[PDB]
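Report on one structure; see the data block that follows.
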Amino acid sequence: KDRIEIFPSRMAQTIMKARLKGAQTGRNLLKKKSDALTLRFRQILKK
Amino acid sequence: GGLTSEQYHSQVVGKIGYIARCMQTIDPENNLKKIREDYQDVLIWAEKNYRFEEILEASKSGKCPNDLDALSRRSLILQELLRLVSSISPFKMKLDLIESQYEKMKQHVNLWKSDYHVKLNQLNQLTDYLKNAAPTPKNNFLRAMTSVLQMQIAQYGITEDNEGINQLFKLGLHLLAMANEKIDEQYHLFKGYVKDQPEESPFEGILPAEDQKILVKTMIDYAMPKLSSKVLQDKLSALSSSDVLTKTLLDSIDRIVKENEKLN
Amino acid sequence: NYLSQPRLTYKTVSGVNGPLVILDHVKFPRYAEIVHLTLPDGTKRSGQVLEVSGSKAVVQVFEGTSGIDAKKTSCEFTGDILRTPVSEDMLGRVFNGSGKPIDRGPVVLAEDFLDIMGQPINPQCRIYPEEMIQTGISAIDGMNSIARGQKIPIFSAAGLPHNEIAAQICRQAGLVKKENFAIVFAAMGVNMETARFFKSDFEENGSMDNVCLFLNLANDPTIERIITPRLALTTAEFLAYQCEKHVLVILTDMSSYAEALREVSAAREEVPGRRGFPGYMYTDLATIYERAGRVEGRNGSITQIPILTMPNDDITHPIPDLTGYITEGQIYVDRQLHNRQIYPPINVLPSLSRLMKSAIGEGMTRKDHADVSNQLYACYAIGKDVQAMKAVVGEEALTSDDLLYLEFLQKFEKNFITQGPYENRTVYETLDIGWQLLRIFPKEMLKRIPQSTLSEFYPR
Amino acid sequence: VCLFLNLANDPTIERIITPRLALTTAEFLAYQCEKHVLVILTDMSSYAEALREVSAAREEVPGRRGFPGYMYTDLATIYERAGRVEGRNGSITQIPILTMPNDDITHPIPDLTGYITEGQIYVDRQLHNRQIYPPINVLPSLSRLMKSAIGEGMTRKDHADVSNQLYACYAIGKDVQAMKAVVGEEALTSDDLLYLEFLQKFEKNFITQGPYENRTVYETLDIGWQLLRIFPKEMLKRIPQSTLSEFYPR
Amino acid sequence: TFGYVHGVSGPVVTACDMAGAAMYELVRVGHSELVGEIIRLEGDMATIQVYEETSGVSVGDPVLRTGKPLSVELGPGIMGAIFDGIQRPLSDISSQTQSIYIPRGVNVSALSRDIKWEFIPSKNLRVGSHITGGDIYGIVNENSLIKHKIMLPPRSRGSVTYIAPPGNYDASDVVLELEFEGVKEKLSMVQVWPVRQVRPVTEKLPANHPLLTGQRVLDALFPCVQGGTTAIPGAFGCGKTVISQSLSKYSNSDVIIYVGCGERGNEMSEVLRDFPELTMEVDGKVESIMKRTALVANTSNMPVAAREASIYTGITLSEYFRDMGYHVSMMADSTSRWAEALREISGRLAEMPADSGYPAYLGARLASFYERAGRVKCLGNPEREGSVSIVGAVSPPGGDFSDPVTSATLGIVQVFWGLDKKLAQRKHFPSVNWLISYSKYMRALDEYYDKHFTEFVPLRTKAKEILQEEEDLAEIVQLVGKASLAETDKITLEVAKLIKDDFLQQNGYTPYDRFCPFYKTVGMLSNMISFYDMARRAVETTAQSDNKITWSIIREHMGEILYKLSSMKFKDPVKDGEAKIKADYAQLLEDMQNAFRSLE
Amino acid sequence: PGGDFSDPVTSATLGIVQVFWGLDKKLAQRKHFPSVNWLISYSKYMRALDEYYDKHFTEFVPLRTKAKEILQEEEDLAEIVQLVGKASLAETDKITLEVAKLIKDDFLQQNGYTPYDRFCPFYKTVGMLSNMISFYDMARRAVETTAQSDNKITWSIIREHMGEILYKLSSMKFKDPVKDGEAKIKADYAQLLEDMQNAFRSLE
Amino acid sequence: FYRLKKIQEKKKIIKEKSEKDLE
């Protein structure tokens with residue numbers, strides 16, 4: 001629910017930071033996808 | 001959040017002794033009957049030559065007045081009147097004005113928030129800086145304007161909204177703030193004051209004759225560079241015979257320079 | 001002048017416990033008094049008094065206590081703390097972590113016996129950093145310039161070539177040159193191969209006349225690893241503040257220093273603090289890092305470029321974390337650039353030389369330099385952002401300007417950041433390389449450079 | 001009224017006895033003089049920090065966040081002195097106050113207080129940042145003694161049921177808001193958008209109230225019904241059909 | 001008096017024959033007189049936490065106990081000095097030693113001896129007269145600015161037996177002698193006070209008069225009060241220097257005390273280079289701000305207790321100038337690095353760690369620090385008010401405010417000036433974020449504003465609303481483009497831009513933005529909000545009609561009004577008199593009203 | 001304890017050792033042997049060994065650098081494919097993924113229990129990598145030579161024409177170091193280089 | 001930290017007792 005239920009350890013801190021970089025990268029890539037499609041969508045509406 | 005009992009009663013005996021030391025300076029002759037009567041409780045305990053330990057034990061016993069806030073209000077009113085009377089040392093205030101200003105303060109809600117305290121702090125601020133008044137137009141003008149202020153305060157008090165006093169604070173404080181190299185702006189400010197005062201001789205007799213001559217010489221010396229013609233320079237130079245600063249000197253300078261503005 | 005009295009020697013070893021030998025009946029012992037131990041076989045050994053209490057003196061031996069006994073072992077107390085035999089002739093020479101020479105040369109004939117601990121530089125006597133030190137590396141000198149007297153750690157990680165960067169800085173570094181510059185290179189917990197690399201790569205390449213080299217190996221005693229930074233900084237203080245030299249100190253692994261502090265704290269039976277390091281780790285790191293800067297009325301100045309192997313590649317760890325609090329910005333070596341074979345692997349995006357605004361200016365470099373670095377930063381950052389766009393949209397979806405930021409990124413990594421281990425670039429040549437990359441864009445696109453600077457330098 | 005003041009500049013160890021003095025005065029007034037007393041304990045977090053300080057300074061066995069292992073019992077020796085007692089007309093009521101460190105509800109200070117007291121009143125940035133004074137978030141709030149106090153003669157007979165349905169509607173309102181923030185209204189149902197509108201109507205009328213505005217429970221329940229009337233009668237799934245049939249059309 | 005060193009383990013020295021010593025008594029250990037405090041007693045033995053490096057201290061070295069706990073000397077010569085964290089004066093250390101180092105075990109007195117300052121006794125005093133703690137027995141004219149009131153220490157009281165006549169005297173010369181209970185005390189201009197103990201006062205008052213910084217963004221949106229406690233997020237890209245230098249040059253604060261609580265070596269020297277070079281206008285003269293300030297300074301490598309105590313020395317000094325009747329401002333520059341030095345003491349003492357490794361008492365150490373602020377009725381006879389404000393900079397790790405030192409500080413301080421890197425990267429100085437910043441003192445300042453600036457409360461309210469609408473509308477602007485918004489939204493955005501770029505931004509290096517008086521701050525914001533109210537009236541009053549007003553129609557009919565509004569920042573109080581600036585603002589108001597009369 | 005390299009034994013070891021072969025749970029789980037992560041492992045001895053390599057194996061250093069580059073660009077391309085699929089990938093990015101698959105599955109991968117892979121000599125090792133990277137260079141040229149041209153040589157046109165060479169490339173691992181001596185292996189791989197060049201020449 | 005502070009306290013007590021037993 002509120003947490004991923006990974007048990008606390010110095011390993012788990014490392015894995016969550018790796019996943020956070022993963023999720024922030026995936027956010028930015030999907031945001032670039034959204035921006036590129038939104039630009040085309042506005043251009044296509046103008047057309 | 002407060003004081004230890006020893007500190008609290010120490011502050012009481014201090015304030016009680018101090019109100020008496022203030023009476024001895026605001027009224028060495030005992031003329032101010034209504035003011036002295038209002039402090040009779042604290043004054044008795046200070047006038048009797050009790051030891052510090054005896055009056056402290058009397059404060060612990062509550063035979064002395066022992067409310068620090070009550071003593072603080074009483075002491076504050078007397079100190080603010082004492083500051084007023086001290087700040088006007090060259091001009092004694094009329095006794096009826098002292099008791100009147102005291103009654104206004106006694107009846108006021110809070111002195112620190114009062115316009116009286118603002119005006120008095122301005123009177124002190126202008127007065128205090130003069131202890132280092134080396135010869136220069138700014139300092140000569142400030143000694144002059146402050147001497148007028150001290151006389152007017154001795155004639156009107158602080159709570160009276162005399163338009164001259166109120167304007168004189170603004171002009172004096174502006175000249176005090178005005179940068180020391182700004183000789184033409186200092187000259188223009190002081191010139192403007194003498195033109196705006198209703199009297200033809202606002203500084204006459206208020207300050208030493210040597211200082212009056214220094215004012216006349218200051219106005220002539222910082223006017224003369226504006227004249228290009230030797231005849232008009234000589235006509236303006238001749239004004240240095242006068243000792244008292246007057247509107248007629250300014251009007252003489254103004255005529256002679258405004259003639260030079262068309263004679264160049 | 002000198003301690004005229006003779007030294008005492010004690011057989012009275014009341015016990016041994018790990019690295020500690022506990023003398024008793026000792027006369028007036030000092031905290032941190034240096035002692036010489038003699039073993040039963042006549043072997044000499046070194047040590048310091050780690051605790052004193054009445055007649056007891058708990059010596060921490062430098063070498064392990066192996067061979068010490070209660071009855072034949074003799075401890076000689078020198079009556080003073082450890083002092084460094086220091087002199088200007090320490091330039092062109094190689095020392096172990098205790099300050100003994102290892103270059104086949106003689107002991108140091110000293111000009112002074114400075115207290116190893118040093119003293120705090122008086123903050124009113126401290127002067128602000130005022131001019132650049134060239135490291136010779138373009139990713140530092142053209143993007144993260146180092147002011148003479150700044151502290152700036154090179155954050156790195158296990159397996160990255162930071163020792164090669166440290167060595168290349170130590171060869172190439174110098175003043176701007178529009179003999180009075182000296183390097184104090186000091187290396188802690190170094191594996192014997194990297195120690196051969198540091199010794200050989202300086203001695204083979206002429207630089208020695210302007211470097212003093214301290215080596216402490218991974219298998220050398222943990223207490224000599226604490227002393228190594230203090231010798232380095234004591235020599236750097238002598239060279240700068242007694243001898244006017246501009247000095248660059250290269251402390252090559254602050255992590256193994258911090259691990260040595262962890263052991264010295266365990267030696268006093270102290271309870272471990274944050275992440276197992278001592279509570280006072282900030283003051284010990286500060287006692288190393290703040291022995292730096294310029295001082296009023298002297299030309300000498302100690303700059304520090306520490307190198308710092310980040311545990312687990314994470315800046316949050318107390319070693320990098322406390323270092324970021326004390327030092328004026330940081331350089332990051334990056335595994336991403338390393339795997340891409342960009343040597344030096346210096347990532348100019350997270351890196352920041354905090355005092356570069358002081359280091360760069362008219363009469364210290366070309367007047368354009370600060371503007372060039374700002375525009376290069378923007379173009380590399382935007383190039384990375386456009387590389388993330390390319391990854392989503394493919395080349396046919398990009399604009400002409402996006403293709404310029406990609407051409408810029410490719411050429412910038414492959415010409416500006418990439419240097420090689422022996423090519424030396426002065427700040428002037430780094431700026432001409434910078435301008436060669438900036439010229440990829442039309443003049444009006446260089447938005448962080450003034451039009452006056454563009455008119456003087458944009459044409460190639 | 002009586003006040004016991006220990007200020008942030010006063011000695012920290014006095015904070016151990018500061019609430020106990022208040023309670024010892026309350027026990028005299030309530031149990032010996034039969035008065036009713038409301039006892040306010042301001043900054044139980046600053047109290048708990050005085051315990052954390054003493055604990056750390058004595059090397060006491062730590063619980064979570066380094067508070068003493070006995071912190072629950074020390075807090076209980078304060079809190080449990082609230083209550084009525086047999087044959088005395090008096091009553092001690094306590095309203096402790098605590099600022100949660102980093103707003104964390106799982107922090108030992110709120111958490112142990114949570115176990116000891118008869119439910120919690122809670123205040124939240126989600127209300128305060130929108131100027132919704134008093135910023136009392138109902139969902140984390142509860143009262144363990146409310147169920148026994150609610151009922152006929154003490155309150156209107158419906159009050160228990162009105163409460164139960166207000167919690168359900170406001171809870172669904174928060175959950176549909178959490179959904180909308182991802183997906184927009186296009187993936188919500190018309191009923192979900194009605195719970196989102198209920199949340200807006202609810203906070204602006206039920207919670208929002210002036211610093212001198214006094215409301216009885218009966219006016220509060222009339223407001224509660226005027227909010228519950230946002231849904232059709234058959235949607236009010238926590239309330240019995242008789243209560244609905246009497247009050248829903250009013 | 002002398003005890004003897006029993007043992008040494010790291011920075012901790014055990015001593016013996018110490019039976020007459022006290023907990024937290026300050027002690028000199030070793031022949032070189034290293035400073036340390038008694039942290040434990042165990043009989044005739046004492047354990048001393050030494051501050052300085054203990055290398056070379058020997059068993060049987062002397063232990064000379066100073067009778068008093070860690071304390072600040074107070075008197076003339078405080079002004080202009082660079083003290084360290086234990087009040088060793090760095091200027092005297094440099095001058096006397098002729099060395100770039102602080103030598104281990106300095107003995108230099110905090111106030112220089114043999115400087116015979118001009119002293120005037122209090123004209124009301126007499127032999128036999130009563131006197132109490134906080135009574136002024138004279139004045140020392142150490143600087144042209146600070147007439148330094150000399151006053152009886154808060155514990156002392158009695159009957160005056162001697163006062164020095166007018167003359168030249170120093171910190172060691174006896175100035176006052178008094179008898180109490182048959183016992184005589186001799187006093188000098190130097191006074192000594194325990195650094196961790198609050199200096200007592202007649203009443204700690206509510207704070208109600210503004211501390212003007214001269215910056216529009218601060219003084220308009222998030223005001224601070226004399227006596228108030230505020231905080232700043234100190235970082236590289238924050239722009240803290242713009243606040244700090246402006247406060248020292250222009251504030252209505254009679255004394256400034258700045259405390260370096262473990263700044264970085266070079267960053268400390270940047271501060272100590274600037275404050276001498278900073279100058280201020282007073283009485284039409286120009287003078288160095290060193291006439292009205294003192295710097296406590298500590299680099300990160302200074303002794304742990306010198307860092308930890310530096311914050312407490314700053315406020316002990318500041319309370320002493322408060323007690324003289326001065327409105328003191330204290331700046332602390334690195335409360336995070338202070339909490340680290342505090343943590344290092346706990347780590348050496350082996351106290352149990354609390355949240356994030358900080359000590360359990362960190363909340364109380366911060367709270368008892370900030371509670372030493374405020375306005376006060378001082379002790380003694382003249383009834384004088386005085387105050388200490390405290391600016392406490394904090395360094396949230398990576399911008400995370402949840403660290404206990406930062407979280408507690410923002411929980412304690414009534415004002416926060418949220419400097420933001422995103423603003424400083426665009427040169428938006430002072431770079432204060434107008435959404436994240438806050439001030440709790442508004443309810444208290446409203447008394448002053450209602451008296452002196454009655455229009456201001458409506459204006460600040462509308463300003464925050466306009467700025468909040470910009471942030472909320474910006475999402476719609478990105479989602480559908482600015483052109484798709486309503487006319488009331490479009491004029492709202494333009495005024496928010498006008499406020500952001502021409503009111504909240506202030507380039508303090510320029511002649512015109514150098515300082516902004518409160519009258520100019522009200523007049524600028526009054527004109528901007530008057531234009532907003534008229535624009536809003538025109539668009540809303542014409543909505544749904546045939547004839548309709550929009551931002552383009554307004555701009556086409558009155559583009560000179562938008563230009564005149566932007567020009568207001570360039571109007572300079574040094575060149576133009578306050579009456580002239582007021583008349584110009586009255587003209588802009590009449591101009592915009594007549595301009596809107598062409599549309600409505 | 002959980003394969004975590006932040007563990008204190010690993011941390012102390014990493015400050016000391018000049019070579020570290022970081023084996024990875026994800027590779028071991030998918031039964032990639034010998035399970036070495038090629039983006040976490042390192043060898044500080046490269047500096048010294050480059051003297052031996054430049055004396056005996058002059059092609060190897062270029063190949064070693066290009067190999068690690070191809071493998072790092074594989075991680076970049078492999079991450080983005082999770083979101084974008086193939087749609088953004090340039091024809092050179094496809095050639096990078098194809099050769100990265102050959103290098104990962106047919107060069108880095110090696111079966112420790114099967115006699116064809118129990119041990120691999122250096123002459124076989126350098127020859128395998130020489131072929132796979134010579135294919136990358138020639139394929140990358142074949143694509144990029146057609147940039148803005150009237151017709152593009154795509155990754156698919158390459159992959160179809162080169163199908164025999166791709167099968168030969170993957171097959172290089174099967175040569176038995178016992179029965180097929182270094183002379184025979186080098187000769188076969190020289191025929192693969194000639195076949196590879198001639199197969200690419202049909203598109204140039 | 002707590003466990004190790006208790007261990008160090010037990011050692012301090014055992015050191016003191018071992019010295020006292022020699023008097």
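Here, A, B, ... name the chains of the structure tokens in the order displayed, residue numbers run from 1 inside each chain, and ligands are numbered from 1 in the same displayed order.
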
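Within the 10 Å cut-off around residue 264 (chain C), using only C-alpha atoms and omitting residues fewer than 5 positions from it on the same chain, the listed residues are residues 19, 50, 60, 222, 223, 226, 258, 259, 269, 270 and 278 of chain C.
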
Those same residues, written as a PDB file, in the first residue's frame with N, CA, C and O atoms?
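This is the output file out-v1.pdb:
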ATOM      1  N   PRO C  19      46.811  -3.317  19.080  1.00  0.00           N
ATOM      2  CA  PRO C  19      47.937  -2.463  18.711  1.00  0.00           C
ATOM      3  C   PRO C  19      48.590  -1.710  19.881  1.00  0.00           C
ATOM      4  O   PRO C  19      49.522  -0.944  19.647  1.00  0.00           O
ATOM      5  N   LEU C  50      49.033   6.932  23.170  1.00  0.00           N
ATOM      6  CA  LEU C  50      47.620   7.130  22.868  1.00  0.00           C
ATOM      7  C   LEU C  50      46.796   7.510  24.090  1.00  0.00           C
ATOM      8  O   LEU C  50      45.719   8.065  23.950  1.00  0.00           O
ATOM      9  N   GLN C  60      50.255   3.398  21.487  1.00  0.00           N
ATOM     10  CA  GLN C  60      49.893   2.750  20.237  1.00  0.00           C
ATOM     11  C   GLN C  60      51.150   2.560  19.403  1.00  0.00           C
ATOM     12  O   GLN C  60      51.770   3.537  18.982  1.00  0.00           O
ATOM     13  N   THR C 222      48.000   1.714  10.077  1.00  0.00           N
ATOM     14  CA  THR C 222      46.855   2.620  10.002  1.00  0.00           C
ATOM     15  C   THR C 222      47.112   3.971  10.652  1.00  0.00           C
ATOM     16  O   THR C 222      46.655   4.995  10.164  1.00  0.00           O
ATOM     17  N   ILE C 223      47.930   4.029  11.695  1.00  0.00           N
ATOM     18  CA  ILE C 223      48.321   5.303  12.295  1.00  0.00           C
ATOM     19  C   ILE C 223      49.270   6.115  11.401  1.00  0.00           C
ATOM     20  O   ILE C 223      49.113   7.330  11.299  1.00  0.00           O
ATOM     21  N   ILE C 226      47.090   8.180   9.109  1.00  0.00           N
ATOM     22  CA  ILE C 226      46.632   9.440   9.702  1.00  0.00           C
ATOM     23  C   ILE C 226      47.711  10.501   9.659  1.00  0.00           C
ATOM     24  O   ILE C 226      47.433  11.663   9.386  1.00  0.00           O
ATOM     25  N   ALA C 258      39.650   8.376   6.334  1.00  0.00           N
ATOM     26  CA  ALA C 258      38.508   8.250   7.227  1.00  0.00           C
ATOM     27  C   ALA C 258      38.418   6.843   7.817  1.00  0.00           C
ATOM     28  O   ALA C 258      38.158   6.681   9.004  1.00  0.00           O
ATOM     29  N   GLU C 259      38.718   5.809   7.038  1.00  0.00           N
ATOM     30  CA  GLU C 259      38.787   4.449   7.575  1.00  0.00           C
ATOM     31  C   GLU C 259      39.911   4.291   8.592  1.00  0.00           C
ATOM     32  O   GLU C 259      39.743   3.611   9.601  1.00  0.00           O
ATOM     33  N   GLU C 269      38.976   2.730  22.494  1.00  0.00           N
ATOM     34  CA  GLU C 269      37.707   2.161  22.974  1.00  0.00           C
ATOM     35  C   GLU C 269      36.504   3.114  22.900  1.00  0.00           C
ATOM     36  O   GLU C 269      35.528   2.948  23.626  1.00  0.00           O
ATOM     37  N   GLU C 270      36.553   4.138  22.057  1.00  0.00           N
ATOM     38  CA  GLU C 270      35.418   5.052  21.887  1.00  0.00           C
ATOM     39  C   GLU C 270      34.236   4.345  21.205  1.00  0.00           C
ATOM     40  O   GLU C 270      34.413   3.488  20.343  1.00  0.00           O
ATOM     41  N   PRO C 278      33.779   8.061  13.752  1.00  0.00           N
ATOM     42  CA  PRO C 278      33.786   8.817  14.990  1.00  0.00           C
ATOM     43  C   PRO C 278      32.913  10.058  14.909  1.00  0.00           C
ATOM     44  O   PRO C 278      32.840  10.675  13.849  1.00  0.00           O
TER      45      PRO C 278
END

DSSP alpha helix (DSSP H) selection over region 543-594 of chain E, as an NGL selection string = :E and (551-567 or 578-594)

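Nearest residue to residue 31 (chain C) among E:332, E:496, E:38, E:57 is E:57, counting only C-alpha atoms.
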
Strand (DSSP E) call set, DSSP backbone run, region 82-320 of chain C, as number ranges by chain = C: 83-86, 93-96, 112-115, 126-127, 132-133, 146-147, 154-156, 181-190, 211-217, 246-251, 293-295, 301-304, 307-309

Would you write out, as JSON lines, a table of all residues in chain E that have an atom no more than 12 Å from an atom of chain A, listing for each the closest atom pair and the distance in Å to one decimal, considering only C-alpha atoms and ordering rows by chain and rising residue number?
{"residue": "E:478", "atom": "CA", "partner": "A:35", "partner_atom": "CA", "distance": 11.1}
{"residue": "E:479", "atom": "CA", "partner": "A:38", "partner_atom": "CA", "distance": 9.8}
{"residue": "E:480", "atom": "CA", "partner": "A:42", "partner_atom": "CA", "distance": 9.7}
{"residue": "E:481", "atom": "CA", "partner": "A:42", "partner_atom": "CA", "distance": 10.6}
